[PDB]
Amino acid sequence: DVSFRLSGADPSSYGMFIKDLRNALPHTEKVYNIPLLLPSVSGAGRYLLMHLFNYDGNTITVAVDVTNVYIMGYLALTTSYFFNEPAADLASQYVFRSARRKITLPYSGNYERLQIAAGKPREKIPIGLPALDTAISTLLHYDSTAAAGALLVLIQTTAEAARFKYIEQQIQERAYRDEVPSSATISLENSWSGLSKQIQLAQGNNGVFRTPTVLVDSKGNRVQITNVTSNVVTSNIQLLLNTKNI
Ligand SMILES: *[C@@H]1O[C@H](CO)[C@@H](O)[C@H](O)[C@H]1NC(C)=O
Ligand SMILES: CN(C)C(=N)NCCC[C@H](N)C(=O)O
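Here my numbering = 1-based position in the sequence shown + 23.
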């Protein structure tokens, strides 16, 4: 399990939480010095629990699939909540079993569905540590529209930050003031699966991508990633989705 407390939080404590989250995801192999997430895990060991506390000390526990860093659901007091998708229903067999009641959210966890339910794309949703405090507070008592937006914040400030150093740093900049995600942030989120695949395929293609990945850099400019000597690979990406899950 990993924990994060918004009360007294600063860029340093958030970084320690993201480090903890990365370290809780198992791997047997690194590919170009980046941990390779496992193809599969059986039973309850497939799920990591994150304990998040809002500024007031109230808490949710979030269940994360350790093979892909996908949030499956969360526990708020005695009620569990899960995404409307097969992987999450499976997860509900193993975590939060002692909840008095289980609600299936009226959407899956994919970004496009969540944005529809929330009423806005995440280009327009401010993120940061104050937004995460708000998200935790929202998820404490059920409200499916509010929850969709809260979940978009939660996913980007936990899972996406775990995957990319740049995104972690973006959230650190927003420790005390929310701001919509940078164009590079959205680009990286969208490209994780693509990048994970091309990095694994580069193991037998001399570090060369079979298919180049187009990204936006720290300044809105549309660039092509063609090999493992790229910044994105050497410095930024921190976890690889196993190609067996792509
Ligand atoms: C590989 O990527 C580097 C760094 O982005 C770039 O400068 C170079 O042009 C690329 N080289 C090849 C052979 O793809
Ligand atoms: C990290 N996440 C949540 C995202 N970037 N989107 C990936 C797909 C979501 C998945 N269905 C889920 O269960 O979370």
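For each residue, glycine too, the CB sits at the ideal point set by N, CA and C.
Quiz prompt | Euclidean distance between Cα positions of residue 256 and residue 46 | solution = 19 Å
Exercise. Grab the span of the alpha helix (DSSP H) containing residue 250 for me, first residue to last.
Key: Counting along the chain, residue 250 falls outside any alpha helix (DSSP H), though it belongs to the beta strand (DSSP E) covering 245-250.
Practice problem: With a 10 Å radius around its C-beta and 16 neighbouring C-beta atoms as the bar for buried, classify residue 261 as buried or exposed. | Solution: buried
Exercise. Keeping to the same chain, check which residues put their C-beta closer than 7 Å to that of residue 112; ignore five residues upstream and five downstream.
Key: 105
Exercise. May I have a chain-ordered list of the beta strand (DSSP E) segments no shorter than 3 residues that lie completely inside the stretch 84-152?
Key: 93-99, 102-105, 124-127
Quiz item: Thinking C-beta only, is residue 266 closer than 7 Å to residue 223?
Solution: yes
Quiz item: For residue 252, is the beta carbon positioned less than 6 Å from some heavy atom of ligand 1?
Solution: yes
Quiz item: Would the beta-carbon of residue 94 be found less than 6 Å away from any heavy atom of ligand 2?
Solution: yes
Quiz item: How long is the line joining the alpha carbons of residue 196 and residue 118, rounded to whole angstroms?
Solution: 33 Å
Quiz item: What residue does the alpha helix (DSSP H) around residue 183 start on, and which one ends it?
Solution: 182-186
Quiz item: Within this structure, are the beta carbons of residue 156 and residue 72 separated by less than 7 Å?
Solution: no
Quiz item: Taking DSSP as the reference, what is the three-state secondary structure of residue 176?
Solution: helix
Quiz item: What number of angstroms, rounded off, separates the C-alpha of residue 172 from the C-alpha of residue 241?
Solution: 25 Å
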